[PDB]
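There is one chain below, alone, in structure tokens, taken in the form solved without the partner chain.
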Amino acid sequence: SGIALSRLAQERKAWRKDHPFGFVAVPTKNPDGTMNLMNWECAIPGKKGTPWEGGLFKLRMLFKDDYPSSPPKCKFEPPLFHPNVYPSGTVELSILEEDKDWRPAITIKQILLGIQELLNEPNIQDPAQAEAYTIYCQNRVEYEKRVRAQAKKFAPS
């Protein structure tokens, strides 16, 4: 885990120095209050001018011991209504796949901005959940209606 922790400490430094407005990315605590750099609690704000606007969408970023060989698993908690989000909460995205567009050099900032962009522009060619995907494909106005409601439920206080 040395190589992974070295990189994850450099990502925490870069993120604290400068990150996009409204985004959260913080390592979790181990039982003994020590920092767990392999498991981050993140939040993505809905984009201004979209049906996601107003919402803050919490997500866990989970790193394997061979990071950055492998991308993190990115998991919305709770699971999101979105065509490219598995019922588990796992995000399906090409930059989050080792055998697709993942590159070791991709930053936490680039991952979170990538997921933000996915939220309002689903990929109709890599479905992840039957429920959201079918409504997206067959009934776009009802899809956008469910998204507006979701954005209201996850409005921050």
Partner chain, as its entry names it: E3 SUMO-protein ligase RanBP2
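Positions refer to the first chain, counted from 1.
Q: Looking at the deposited entry, does 44-52 or 84-92 carry the larger mean Cα B-factor?
A: Per the deposited B-factors, the answer is 44-52.
Q: What stretch has the higher average Cα B-factor here, 100-108 or 29-37?
A: In the deposited entry, the stretch with the higher C-alpha B-factor mean is 29-37.
Q: Comparing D18 with the other modelled residues of its chain, is its CA B-factor in the lowest, middle or highest third?
A: Within its chain, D18 is a highest-third residue by C-alpha B-factor, going by the deposited values.
Q: Splitting the chain's C-alpha B-factors into thirds, which one does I3 fall into?
A: Middle third - that is where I3 ends up once the chain's C-alpha B-factors are sorted.
Q: Thinking about Cα B factors across the chain, which third does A130 belong to?
A: As the PDB entry reports it, the C-alpha B-factor of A130 lands in the highest third of its chain.
Q: Consider only the C-alpha atoms of the modelled residues in this chain, order them by B-factor as the entry records it, and name the third containing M61: lowest, middle or highest.
A: Lowest third - that is where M61 ends up once the chain's C-alpha B-factors are sorted.
Q: Would you check the entry's CA temperature factor for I115 and let me know if it's in the chain's lowest, middle or highest third?
A: It falls in the bottom third of the chain.
Below, we refer to the form solved in complex with the partner chain, which is not included among the displayed structures.
Q: Heavy atoms within 4.5 Å of the partner chain in the deposited bound form is the criterion; list the residues of 18-45 that meet it.
A: Those in contact are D18, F21, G22, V24, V26, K29, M35, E41, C42, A43, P45.
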